[PDB]
Each structure stands twice: as structure tokens, then as C-alpha cells.
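Listed next as C-alpha cells is one chain, alone, in the form deposited in one PDB entry.
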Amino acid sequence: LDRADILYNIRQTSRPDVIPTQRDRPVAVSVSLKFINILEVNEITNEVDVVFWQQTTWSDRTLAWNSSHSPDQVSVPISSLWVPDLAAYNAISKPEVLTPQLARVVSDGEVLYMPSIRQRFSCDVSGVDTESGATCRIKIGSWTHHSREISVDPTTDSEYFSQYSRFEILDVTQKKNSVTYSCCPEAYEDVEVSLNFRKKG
């Protein structure tokens, strides 16, 4: 009926350890990085330290509620929620969470989680000081769940990029991938985010 009841009901029935696979078809996770800032770039070590928005979207029907005389959306801490086990495959630092750790939950079960991450990556810095800039690929996909459980998909440049960064974005491409691990035959999916940037001076 009210916000307190929904968050009470959500707290007590949300199964955070349980992926909401429905009729055993994959959970469609939509990940798009909104780049905000690029801090320290190294063309020698091929390392970048970047701040970006991880727009993450999925549906968890275990959260749904009747909206007749009730809020249309609530704000839920992700500790009381299932969050996809996303990992940046080429990160060389642990993701540093800048924002409060809440996701927005819609009454129909849609979940919107977008944390601020400061993280270091190993990618192609060659050409960052040149005219056409450097192209840095960041690969994000489920860490443990394969294609039958989590399906990751892009939304398809950033308008939220800080004008005061020493670097500037030229183009951002994010495409979907499908890989196979060298041990095990089922298929693990990732989204490929290509960051085209250069120095200003």
C-alpha cells in the first residue's frame, strides 16, 4: 500500500542469492557505460583510470506489486536485491563505488541500477596523444552465469562527460559478444565497450 510496506515485502521476499530465471529462459541484463571522466592515462603501461556510469537494467518479477493505490517505483538497497554478477574482464583494480548502493525498482519488476565506478583497465592507449585518438576496449559480462541464465545486451558519444577532464571523447561503441571458455562448452556472454579518446593539448 505504501512505500514502507513495499520495502518491507521486498526485503523479506527478495531472494538476493537467486537469479530470477523465469521458466528457465535467460535474464536479459542491459549494460551501458556512460563515461563521465578520464583521470590518469598511460601509453607506456596501457592503463587508464576512468569514471563511468554503469547503466544496468534487468527485470526481477519477484519484486512486482499491484500499483493501484501504491507507489509506481521504489528505491531499494542492492543488498536486499539480486544484482547481476557483472565484472569488467580487463580491470586491474577493484571497482570503487562512488554513489549510494541503491537501485530503482519499478512496480512491474524492472530494476535500474547505475553506480559510479572509478576503475583501472588494461586496454589500447596507443594514439591517445595523436589526432585520431586512442581506442580502449572494456569487456563487461556475467562472471559466473553463462548464456542460458544471463543474457547481456547493449542499449544502442557520452553527453555526461566532464568538460574539465584533460582528455576528450570522440566516439563510444558498445557491442554484444558471445565467447566460449577453453575448459567448458557452454557459452559466456559479454558486452564490448569501445572508448575513442585523445588528449586536448
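All residue numbers are counted from 1 along the displayed sequence. If you superpose the two forms and keep the largest set of C-alpha atoms that fall within 1.5 Å, you have the rigid core.
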property: Cross-entry absence of residue 156, a third or more of other PDB entries; result: yes
property: Size class of the missing deposited segment between residue 42 and residue 43; result: none
property: Between the two ranges 171-179 and 55-63, the one averaging a larger CA B factor in the entry; result: 171-179
property: Higher-B stretch (mean Cα B-factor, as the entry records it), 126-134 or 74-82; result: 126-134
property: Chain third (lowest, middle, highest) by recorded CA B-factor, residue given as residue 165; result: middle
property: Chain thirds of CA B-factor: placement of residue 47; result: lowest
property: Chain-relative CA temperature factor third for residue 158; result: highest
property: Record-listed C-alpha B factor of residue 6: chain third; result: lowest
property: Entry-reported Cα temperature factor of residue 145, expressed as the chain third it lands in; result: lowest
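We do not show the form deposited in another entry, though everything after this point is about it.
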{"item": "Did residue 22 shift 2 Å or more between this form and the one not shown, C-alpha, core superposed", "value": "no"}
